[PDB]
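Read the structure below first, then the notes.
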Amino acid sequence: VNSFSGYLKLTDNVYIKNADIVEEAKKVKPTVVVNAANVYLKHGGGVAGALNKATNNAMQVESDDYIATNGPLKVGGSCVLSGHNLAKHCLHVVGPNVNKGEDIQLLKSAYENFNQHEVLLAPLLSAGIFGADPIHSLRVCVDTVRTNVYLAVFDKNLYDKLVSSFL
Ligand SMILES: O=C(Nc1ccc(C(=O)NCc2c(C(=O)O)[nH]c3ccccc23)cc1)NC1CC1
């Protein structure tokens, strides 16, 4: 038993809810919140901009130190950093950005990072300003992630479409 509320169950291990991941994170304090990061951990907009804003820019400060030490992530890769006031940990995962021409096949590799964590609150990778089809992203999520994932979908219209077209 865990503290996530109001989710619709899609499969044995995947759940979904129309929710703001920031507000969801502040209420649940999950062990892991997933950030839709880029390789530079520059959290300017979308989910990342919103998560970083909610941390009063502490996420960005920590991220800049991480990059200065380690260099950029790979597309499809991830790193674990602090969750600040939102979660114990933040798993920064880089899905491909279609608006940069990145290979959509790397989306499966991106979701594989979730399997290193028993439970996660997360957005749909490569959705929103990353330019992928969220229905495709949901399909890859369900077919790749084996751990328990609680997907927060900000847009109500998109949430209803995801539920209604889901196979
Ligand atoms: O500003 C906010 N929240 C807040 C702001 C923006 C977002 C957001 O861009 N979402 C779309 C998105 C999804 C998805 O929804 O599937 N996946 C993505 C992957 C990469 C980039 C974007 C997305 C989400 C939340 N809260 C303030 C009031 C306290």
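Residue names in the structure tokens use chain letters A, B, ... in the order shown, residue numbers from 1 in each chain, and ligand numbers from 1 in the order shown.
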Could I get the residue neighbourhood of ligand 1 at 9 Å, counting only C-alpha atoms and all ligand atoms, as a VMD selection string? chain A and resid 18 to 23 35 to 37 45 to 51 53 to 54 95 97 122 to 132 134 137 151 to 155 158 to 159
Atoms kept (C-alpha atoms) for selection, written as a compact mmCIF listing (two decimals), in the first residue's frame:
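Written output follows (part02.txt):
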# COMPACT_ATOMS: atom_id res chain seq x y z
CA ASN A 18 -4.92 14.12 -14.40
CA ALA A 19 -2.69 16.09 -12.06
CA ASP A 20 -0.01 18.75 -11.81
CA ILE A 21 3.15 16.76 -11.04
CA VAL A 22 4.40 19.64 -8.87
CA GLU A 23 1.27 19.66 -6.72
CA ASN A 35 12.04 15.15 -14.23
CA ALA A 36 11.76 15.50 -18.01
CA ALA A 37 15.33 16.72 -18.28
CA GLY A 45 10.32 25.13 -19.20
CA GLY A 46 7.82 22.33 -19.40
CA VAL A 47 7.86 19.89 -16.50
CA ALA A 48 11.49 20.73 -15.70
CA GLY A 49 10.90 24.47 -15.50
CA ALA A 50 7.95 23.88 -13.25
CA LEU A 51 9.72 21.44 -10.93
CA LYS A 53 10.55 26.75 -9.93
CA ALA A 54 8.85 24.84 -7.15
CA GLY A 95 13.85 11.47 -23.39
CA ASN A 97 13.32 15.89 -28.10
CA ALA A 122 6.47 10.75 -13.40
CA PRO A 123 5.41 12.61 -16.49
CA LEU A 124 5.14 11.04 -19.90
CA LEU A 125 8.65 11.18 -21.33
CA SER A 126 9.19 13.17 -24.52
CA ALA A 127 5.63 14.60 -24.29
CA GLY A 128 4.75 18.30 -24.08
CA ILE A 129 7.48 20.59 -25.39
CA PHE A 130 9.66 17.57 -26.26
CA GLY A 131 7.36 17.06 -29.24
CA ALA A 132 6.54 13.34 -29.20
CA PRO A 134 1.93 11.29 -25.79
CA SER A 137 4.97 7.67 -25.11
CA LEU A 151 1.87 9.12 -14.37
CA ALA A 152 0.73 12.67 -13.83
CA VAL A 153 -0.80 14.25 -16.93
CA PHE A 154 -1.26 18.01 -16.58
CA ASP A 155 -3.75 18.53 -19.43
CA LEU A 158 -4.96 14.92 -23.04
CA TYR A 159 -5.58 12.72 -20.00
Quick one: residues within 10 Å of stretch 114-118 of chain A, only C-alpha atoms counted, chain neighbours fewer than 4 positions away excluded, as JSON, numbers by chain? {"A": [31, 32, 34, 78, 91, 93, 109, 110, 122, 141, 144, 145, 146, 147, 148, 149]}
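Restricting the calculation to only C-alpha atoms, the smallest distance between residue A:70 and any of A:98, A:9, A:3, A:39 is found for A:39.
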Based on the backbone DSSP call, show me all residues of chain A assigned helix (DSSP H, G or I), as a PyMOL selection string. chain A and resi 21-28+46-54+58-70+98-100+106-116+128-130+134-144+156-165
Every residue of chain A that DSSP places in strand (DSSP E), as number ranges by chain: A: 8-9, 14-18, 32-36, 78-82, 89-93, 119-122, 148-153
Given only C-alpha atoms as the counted atoms, nearest of A:143, A:12, A:160, A:133 to residue A:96: A:133
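Among the candidate residues A:30, A:57, A:113, A:64, the one lying nearest to residue A:2 is A:30, with distances computed using only C-alpha atoms.
Taking atom CA of residue A:29 and atom CA of residue A:89 as endpoints, the distance between them is 9.5 Å.
Atom CA of residue A:121 is found 4.8 Å from atom CA of residue A:150.
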Using only C-alpha atoms, which protein or nucleic acid residues come within 9 Å of residue A:55? Drop anything in the same chain fewer than 5 positions from it, and give the result as a PyMOL selection string. chain A and resi 50+60+83-86
Using only C-alpha atoms for the distances, tell me which of A:161, A:139, A:156, A:26 is nearest to residue A:14. A:139
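If you look at atom CA of residue A:62 and atom CA of residue A:43, they are 11.3 Å away from each other.
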